[PDB]
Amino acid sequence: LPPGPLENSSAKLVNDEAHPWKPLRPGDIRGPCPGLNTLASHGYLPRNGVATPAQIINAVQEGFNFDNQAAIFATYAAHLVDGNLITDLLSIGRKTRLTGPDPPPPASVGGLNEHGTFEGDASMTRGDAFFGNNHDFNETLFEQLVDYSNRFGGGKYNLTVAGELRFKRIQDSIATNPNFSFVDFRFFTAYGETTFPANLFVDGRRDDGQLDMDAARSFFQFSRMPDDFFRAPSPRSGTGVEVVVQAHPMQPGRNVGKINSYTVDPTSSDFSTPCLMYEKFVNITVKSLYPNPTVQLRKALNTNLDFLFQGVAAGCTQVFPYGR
């Protein structure tokens, strides 16, 4: 079952004796998420980067005070599209034999590195998949984050910086990635993720929304909590995303095989239709990976879809692609 919320959600030291940072060993997997990467590199998750959904939910809550509903929604969304539903294992990065025997195609079980399922374009510190690497820390992109922090945040990353940088990334992908896609699930996640450094990488004794660049580099590049890091003082995820959207409101769309051809998609969900985002994720995205599953896969899909629905925070009706 999905873990419940923390019994005690106070700020506390999370870079503690039981959770030291360690460098990668051969075979250890890290991916496009600095949050999960840091949890693995401090042993809140298995240090090889392969974990169960329950391990992930417990880790994001314990290590960073990510809220329960957000933890459930993201984890089961990722697991459904990128994880092995029979073995209950998900890679936080590249595809690996460590998640067990694969299901039939068209399911990919590609880990969080799989482009276009959860991971997508216009990430802050990772390049678009079209440019060759959607998962490793990129120094040039991080230096741009530093520059935007200097210009809009007095040298710190905050929600104002997030609003400007989110738009800059989108405009750079429009100008250079002929395959740029910015619809449905990615349209939502791209905005939410820009709040996370301000909400969750800021030491919880301060919780002022102002992330310094030493801490930012530590998390984004090295998957490493600052010495004496205290987690956030209460559960949260995407609060302040309205500030990021308001700075430069966008419509969902994609380039259409050429640069500078961004074409709005009226069949995409947007922030006015969160329940459509959920329904398409299940009916189209998940269903297309598993169109006619065998008995044990069908059971695992339905269980994980029930868990996903527990995380749906927008008053939506559950949908059932494989029946009740």
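The term rigid core refers to the most C-alpha atoms you can superpose between the two forms while keeping them within 1.5 Å. Heads up: residue numbers just count along the shown sequence, starting at 1.
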May I ask which stretch, 310-318 or 297-305, sits farther from the shown form in 4 other deposited structures of this protein once every structure is superposed on the core, judging by RMS CA distance?
310-318
Mean CA B-factor: is it higher for 295-303 or for 38-46?
295-303
Mean C-alpha temperature factor, higher of 90-98 and 123-131:
90-98
From the entry's CA B-factor values, the highest among 112, 215, 107, 74 is 107
So where's residue 189 on the chain's Cα temperature factor ranking, which third?
middle
Among the modelled residues of its chain, does the C-alpha B-factor of residue 85 lie in the lowest, middle or highest third?
highest
Comparing against every modelled residue in the chain, figure out the third that the C-alpha B-factor of residue 169 lands in (lowest, middle or highest).
lowest
CA B-factor ranking of residue 103, expressed as a third of its chain:
highest
Where does residue 179 sit by CA temperature factor within its chain: lowest, middle or highest third?
middle
